[PDB]
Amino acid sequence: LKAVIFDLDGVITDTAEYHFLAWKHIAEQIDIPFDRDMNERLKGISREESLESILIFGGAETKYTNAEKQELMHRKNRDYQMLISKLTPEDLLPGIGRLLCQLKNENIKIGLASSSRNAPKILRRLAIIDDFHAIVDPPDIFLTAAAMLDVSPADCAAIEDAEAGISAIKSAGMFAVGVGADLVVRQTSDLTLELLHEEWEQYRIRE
């Protein structure tokens, strides 16, 4: 086992939360109580669709023009990016830092496979960017990561939380960790180098 390739969302950064908060603050500004339950139902729902559900709870889907709903949605996003900009190292997902440590302490190459154009900026904001020896600039965005790390895909694990990403990792011929994947953990804290080793050892045998 030579490299571990990370994605950003739900793996390194708690983007999900930040989307929750985004949605919430807009709702304050629009005078509608938001909460996580509503949030959890609006998981995987169109941005425009989510907003309509919030508006319907507030009996306000008729109060607002399309134009205004557009701006609504625009602000949510600026709020979100704004929130993402104030990231600190206390915002690092549990288990992650310690995991990096082990991988380095053990001389495993570490990579990043995120679609975000601000990744380097973020890894820096999180104080872990020195840990990465390859960051891909925005499938096989994963095959690129392995090229950069100078290692076979067969010898890499990629950690991910998105349906699609896991497809990509798999198609890219790597051991895929989900957080339809080769190994699945509940929360990031569950990721130890030790579990990774063991499960990865088994993975390659079953082929």
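Numbers follow the displayed sequence, beginning with 1.
Asks: Between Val179 and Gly180, count the deposited residues left without coordinates and pick a bin: none, 1 to 3, 4 to 9, 10 or more.
Replies: Missing in between: 4 to 9 residues.
Asks: What does the record say about the segment between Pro138 and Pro139: how many deposited residues are without coordinates (none, 1 to 3, 4 to 9, 10 or more)?
Replies: Count of unmodelled residues in between: 4 to 9.
Asks: State which stretch shows the higher mean Cα B factor in the entry: 67-75 or 124-132.
Replies: Per the PDB record, 67-75.
Asks: So which stretch wins on mean C-alpha B-factor, 113-121 or 89-97?
Replies: Of 89-97 and 113-121, the stretch with the higher C-alpha B-factor average is 113-121.
Asks: State the tercile, meaning the lowest, middle or highest third, of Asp190 with respect to the CA B-factors recorded for its chain.
Replies: Lowest third of the chain for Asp190's C-alpha B-factor.
Asks: Sorting by Cα B-factor within the chain, modelled residues only, which third would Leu42 end up in: lowest, middle or highest?
Replies: According to the entry, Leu42 has a C-alpha B-factor in the chain's highest third.
Asks: According to the PDB entry, is the CA B factor of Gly58 in the bottom, middle or top third of its chain, that is, lowest, middle or highest?
Replies: Its C-alpha B-factor belongs to the lowest third of this chain's values.
Asks: Would you mind checking where the Cα B-factor of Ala157 ranks among the modelled residues of its chain, as the lowest, middle or highest third?
Replies: Ranked within chain, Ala157 CA B lands in the lowest tercile.
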